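Colleague: If you use the authors' numbering, the sequence shown corresponds to residues 105 to 149, 182 to 204, 233 to 292, 297 to 333, 351 to 432, 439 to 546, in order. All C-beta atoms, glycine included, are put in the ideal place defined by N, C-alpha and C. Below you will find the structure I want to go over with you.
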Amino acid sequence: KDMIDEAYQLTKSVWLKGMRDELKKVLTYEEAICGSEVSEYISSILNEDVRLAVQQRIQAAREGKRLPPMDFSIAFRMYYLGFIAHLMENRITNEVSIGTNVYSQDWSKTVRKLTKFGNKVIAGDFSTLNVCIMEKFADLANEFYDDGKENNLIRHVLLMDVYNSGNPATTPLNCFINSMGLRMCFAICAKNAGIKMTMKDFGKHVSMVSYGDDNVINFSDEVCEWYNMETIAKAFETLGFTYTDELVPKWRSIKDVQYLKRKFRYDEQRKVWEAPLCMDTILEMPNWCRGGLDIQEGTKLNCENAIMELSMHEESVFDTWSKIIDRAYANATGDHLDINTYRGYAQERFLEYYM
Ligand SMILES: [Cl-]
Ligand SMILES: [Cl-]
Ligand SMILES: [Cl-]
Ligand SMILES: [Cl-]
Ligand SMILES: [Mg+2]
Ligand SMILES: [Mg+2]
């Protein structure tokens, strides 16, 4: 139907909150590669044979033609990174989790946003192409920049190669499909159960957040018997997407759900919301070889980070596994880790993010 149009308008209101004029510029080739001092979120990732290829790509886009990988990434960043930097500066309340600092108050902010309409909460990821939602991503970028007919054509041409290209290309795009596809699901879930609500009632019953293809969705009890994992998964295949649950209940609680390979843990003693990383991920950070074979430059640092990551689980888990990781590294290398205590890591996070 013409619901893509109302999805797009609702989303725009949300995603455009907090606009800064200093960010509505296409970046120079140098800014695209080494960042700019306008944002903490525009940062730095032959020297003149590829600039000549970016040039060929930009001009060919200006006349409507697209070409066929590093030059694509720099171009895309030039025309889109200010927008992405805007989403990151207004993160979480704008439904976009790109830029979340899980060691900081962002995590409790994410929790405050996913408990806004009660206790029911779901999570999962989508998989496929739907060029009608993708199209509108170019549109919303263009609406953000307001910089002329030519730039708009370039954003539309670049977006057509994003999936075949990189990380900053598909990740905010899939965030957009999330915010869009789940307002659409809300509307098609109300027609199949004959509820006299419209997409403008989404923002009164649903709070959501996304990181690329992965989301967490909070919804009120009022809407929960017709808008939940079961119905939303079905609605989402009407749009061309499989929508699996990470790990089928109709809802859960914020403490049961996994997001960015982490969980929402409230620490009763230290009264704080923390982001324990899955042990299966933590435990692939060290090199366990007892002969210290492929010890790379970052092996020591990888071990230290794994142990820092243990400090956001309960203390029992940090006490068990930090000793295991510490002894393994010692026997393998004959060297030692510089690690902190449990409350030492907690204090590190307080001094840097709560103060
Ligand atoms: Cl299509
Ligand atoms: Cl775990
Ligand atoms: Cl987990
Ligand atoms: Cl071994
Ligand atoms: Mg993912
Ligand atoms: Mg593993």
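Pull up the distance between the alpha-carbon of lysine 116 and that of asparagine 298, whole angstroms please.
Modeller: Within the sequence shown, residue 116 is the residue found at index 12, counting from 1. Within the sequence shown, residue 298 is the residue found at index 130, counting from 1. Those two C-alpha atoms are separated by around 19 Å.
Colleague: Would you say the beta carbon of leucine 297 comes nearer than 8 Å to a heavy atom of ligand 1?
Modeller: Taking the sequence shown and counting its residues from 1, the one referred to as residue 297 is at position 129. Within the cutoff, so yes.
Colleague: Is it the case that the region 254-264 contacts the region 183-195, given that we only count it when at least three CB pairs across the two stretches are under 8 Å?
Modeller: Cβ pair count under 8 Å is below three, so no.
Colleague: Return the CA-CA distance between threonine 532 and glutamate 505, expressed in angstroms with no decimal places.
Modeller: Numbered from its first residue, the sequence shown carries residue 532 at position 341. Numbered from its first residue, the sequence shown carries residue 505 at position 314. Near 13 Å, if we compare the C-alpha coordinates of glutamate 505 and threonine 532.
Colleague: If you draw a straight line from the alpha carbon of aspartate 314 to that of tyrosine 243, how long is it in whole angstroms?
Modeller: Stepping through the sequence shown from its first residue, residue 314 is reached at position 146. Stepping through the sequence shown from its first residue, residue 243 is reached at position 79. Spanning the two alpha carbons is a distance of roughly 12 Å.
Colleague: Decide if the region 320-333 is in contact with the region 374-390; the criterion is three or more beta carbon pairs, one per stretch, under 8 Å apart.
Modeller: No: the two stretches stay apart, fewer than three of their Cβ pairs being nearer than 8 Å.
Colleague: Mind checking which residues open and close the beta strand (DSSP E) that includes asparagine 400?
Modeller: To locate residue 400, count along the sequence shown from 1; it is residue 215. Taken as a continuous stretch (DSSP letters only), the beta strand (DSSP E) holding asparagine 400 covers 399-404.
Colleague: Taking 9 Å as the cut-off, decide whether the C-beta atoms of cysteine 469 and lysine 446 are in contact.
Modeller: Position 278 of the sequence shown, counted from the start, is the residue given in the question as residue 469. Position 255 of the sequence shown, counted from the start, is the residue given in the question as residue 446. Going by C-beta atoms, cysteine 469 is not nearer than 9 Å to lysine 446.
Colleague: Looking at ligand 6, does it come within less than 8 Å of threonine 427, judged from the CB to the closest heavy atom?
Modeller: Mapped onto the sequence shown, residue 427 falls at position 242. Incorrect: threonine 427 has no Cβ contact closer than 8 Å to ligand 6.
Colleague: So, are the CB atoms of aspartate 430 and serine 291 less than 9 Å apart?
Modeller: By one-based count along the sequence shown, residue 430 stands at place 245. By one-based count along the sequence shown, residue 291 stands at place 127. No. Outside cutoff.
Colleague: Does the distance between the C-beta of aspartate 109 and the nearest non-hydrogen atom of ligand 5 fall short of 8 Å?
Modeller: Indexing the sequence shown from 1 puts residue 109 at position 5. Checking the Cβ of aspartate 109 against ligand 5 gives no.
Colleague: With distances taken from CA atoms, which of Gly288, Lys280, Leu245 is nearest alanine 306?
Modeller: Looking up residue 306 in the sequence shown gives position 138. Nearest C-alpha to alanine 306: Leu245.
Colleague: So, helix, strand or coil for residue 96, using DSSP?
Modeller: Any question about residue 96 goes unanswered here, given that the chain covers just 105 to 546.
Colleague: CA-CA distance, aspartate 106 and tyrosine 112?
Modeller: As a working mapping, residue 106 is identified with position 2 in the sequence shown. As a working mapping, residue 112 is identified with position 8 in the sequence shown. Cα to Cα, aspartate 106 sits roughly 10 Å from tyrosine 112.
Colleague: Specify, as a first and last residue, the run of the beta strand (DSSP E) that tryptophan 119 falls within.
Modeller: By 1-based counting over the sequence shown, the position of residue 119 is 15. Here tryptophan 119 belongs to no beta strand (DSSP E); instead the alpha helix (DSSP H) covers 107-119.
Colleague: Using the C-alpha atoms, what's the distance from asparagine 265 back to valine 330?
Modeller: As a working note, residue 330 is residue 162 in the sequence shown. As a working note, residue 265 is residue 101 in the sequence shown. Between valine 330 and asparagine 265, the C-alpha separation is close to 26 Å.
Colleague: Report all residues for which the CB-ligand distance to some heavy atom of ligand 6 is below 5 Å; order them along the chain.
Modeller: Taking each Cβ in turn, the ones that pass are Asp471, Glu475.
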